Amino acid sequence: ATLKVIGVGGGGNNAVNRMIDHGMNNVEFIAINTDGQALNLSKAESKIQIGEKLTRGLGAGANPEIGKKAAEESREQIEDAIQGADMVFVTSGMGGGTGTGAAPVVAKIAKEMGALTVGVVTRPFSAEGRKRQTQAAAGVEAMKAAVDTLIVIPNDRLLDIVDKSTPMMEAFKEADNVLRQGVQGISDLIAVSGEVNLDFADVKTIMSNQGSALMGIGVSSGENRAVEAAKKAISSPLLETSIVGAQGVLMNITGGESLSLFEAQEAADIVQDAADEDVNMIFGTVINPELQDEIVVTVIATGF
């Protein structure tokens, strides 16, 4: 499948730059912004400046109606950049003028172009104020109506994973990992024919028109490795939507030749027990002999 990651506005384009710097192989990046200064510095191969008639090449100055109109007026350019995608991840920080208004338009276009469309967006820090939060909430609601599945990261959760000295840019990279892991997990599932295979049609069944989503990867080794990996896959502190209530799950377990039936069952039970629900299990298994003693559990959960 052709996977694309589209960053919309400042924070979304930040995430695209950091992900390209980190390294990401078979994924096309697209950078969309009103802010031409920031776009000029993007590392993405595909860049779309939107709304230059509206903003004269600046940002949207905290007005989401300008981000929205900018995206609508560049619809054809956005279609052309998306065309061919089977799956699109639209990432954006909600609460500003460009992302809040343009990201739901971009997502709507991607879904109308036939792409499985996942939004990964932030809510602003409480320190940014109540009206930024209210503006962001309208963006989140518009995003939810425009995507297949939505992952919301409240930026306040970053305050739960730092100490008093953690550089702000290091905290931002942690939030990127939510998107990177989801993209990488799907990429890796598509690329290999598993002993019990999952492919893009399984991703579509779990993610299409399902609302809120969780995506996680956990890795462990040694004793209780499978349970530990499964718990890590479902336990991110940054997510608005936890695993509790999932009624839809794609789960893949990858290990070396030692991967046991028993421990795969243990892993499957961890997900359903934390789900506290009757959940939609599509379960896959991959034997990767180069893994030795490590196990990797990938989880996509929906149905909330």
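When you see a residue number, it is the position in the sequence shown, counting from 1.
As the entry records it, the average C-alpha temperature factor is higher for 177-185, out of 200-208 and 177-185. Mean C-alpha B-factor is higher over 129-137 than over the other stretch, the pair under comparison being 129-137 and 148-156. Per the deposited coordinates, the residue with the largest Cα temperature factor out of 93, 167, 194, 84 is 84.
Per the PDB record, 114 has a higher Cα B-factor than any other of 99, 119, 114, 124.
In the PDB entry, residue 3 places in the middle third of its chain by CA B-factor. Per the PDB record, residue ranking by Cα B-factor puts residue 223 in the highest third of the chain. Annotation for residue 15: C-alpha temperature factor in the lowest third relative to the rest of the modelled chain, per the entry. Sort the modelled residues of the chain by CA B factor and residue 78 lands in the lowest third. Among the modelled residues of the chain, residue 190 sits in the highest third by CA temperature factor in this PDB entry.
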